[PDB]
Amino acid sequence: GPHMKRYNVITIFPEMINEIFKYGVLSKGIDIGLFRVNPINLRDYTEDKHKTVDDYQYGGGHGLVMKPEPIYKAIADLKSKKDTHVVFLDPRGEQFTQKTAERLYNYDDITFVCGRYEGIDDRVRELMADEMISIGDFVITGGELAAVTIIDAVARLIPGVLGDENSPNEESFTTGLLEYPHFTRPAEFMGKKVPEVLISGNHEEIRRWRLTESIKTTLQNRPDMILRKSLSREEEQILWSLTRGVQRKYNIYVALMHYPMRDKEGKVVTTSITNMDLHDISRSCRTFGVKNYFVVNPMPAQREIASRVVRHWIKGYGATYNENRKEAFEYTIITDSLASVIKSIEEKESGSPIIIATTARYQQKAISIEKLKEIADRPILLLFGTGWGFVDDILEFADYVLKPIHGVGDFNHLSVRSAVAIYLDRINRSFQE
């Protein structure tokens, strides 16, 4: 809103707060009137010779807890002068992050309540707190350092508090990423040279180098942040180049077969390749780290059609038209037979896959996906069918058959594309667990 930002800090150590804000860029912001820090001496709101703000807690022992009355009066006094937003600093509160700093920025007046000893009588917290905030997943002796750290993080977002020396718009966490490294003179320090692109490169080379190192530092140190970052197309392509070739504990392959399938009467048939099975299943397989998606069809003309599609997205204009479809088709292989799939996997893994077929129908001795990680020290090949599904010969050749996907009731006639997506999600969630 329209008022200068003001941060009131209720504390038994008000001069600790004053002293902290004499230093650094924030003290300059205070000096020229961009915000204000207002320490409130909690002992002022007492009426005994000891200026008592704490007492022995209920429940036994001699642990000390801050009393409700002084804190209540201190907050009531502020509210009597101005509207304020009341934050109790407490390990039980929201873990403070950059998103918290950006949210708290919108208030014009915030009051931070600092406890000491065991904590604060929870009645005045329930009565007066607008929220609780924790500075982190650890414990400190008092809220004072939590308060000034939050004030620092919030006040440095006030326009004009910072300037050229360090901008708040491109920074770790603010961007959803960890920042790239920084360097200054000299060009070489104890044999360690500043990256040459930063010395003699053009603007675009520098930007690309910085973006790459940021994504790399984030992937390596805080992969959890990658999952929460909405990556641009450029950032995604950098990420893929960094994860390419990383081996996981599990090597899963998917094959979509078109022979031998059943017709409506159970006779053996060869099916045509459905264009969307190429698109949809290649993207599911890539999402779940499948090592290769095999498209198996014994008819030369079907393979030629499918290979042309893949080439359009890998080497033709599709590669520019939709980069993530290219990325997914990079792992798709058009081939003629299950024997070819097995020999290809044997070449890639130096071991024969365990072959697992799929069906909507009941099969004796069918397994659940939990069995898969039991045996995932070897390559796993999941077989999916087309038409009316696999003939019985394939279900018997396979090493295992997965239990069918069911929901509620009898109807479970999913597209093969939906069945692939479900089984891969189940496998991924099982292995994480």
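For every residue, the number given is its place in the sequence shown, counted from 1.
Looking at mean Cα B-factors across 394-402 and 36-44, the upper value is held by 394-402. 407-415 and 19-27 differ in mean CA B-factor, and the higher of the two is recorded for 407-415.
Listed residues 125, 325, 79, 116 were ranked by CA B-factor as deposited; 79 comes out on top. Residue-level inspection of the entry shows that, of 180, 240, 321, 331, 321 has the top Cα B-factor. In the PDB entry, a CA B factor belonging to the lowest third of its chain's modelled residues is recorded for residue 6. In this PDB entry, residue 256 carries a Cα temperature factor that places it within the lowest third of its chain's modelled residues.
In the PDB entry, residue 223 places in the lowest third of its chain by CA B-factor. Per the PDB record, residue ranking by Cα B-factor puts residue 341 in the middle third of the chain. Among the modelled residues of its chain, residue 74 has a C-alpha B-factor that falls in the middle third according to the deposited record.
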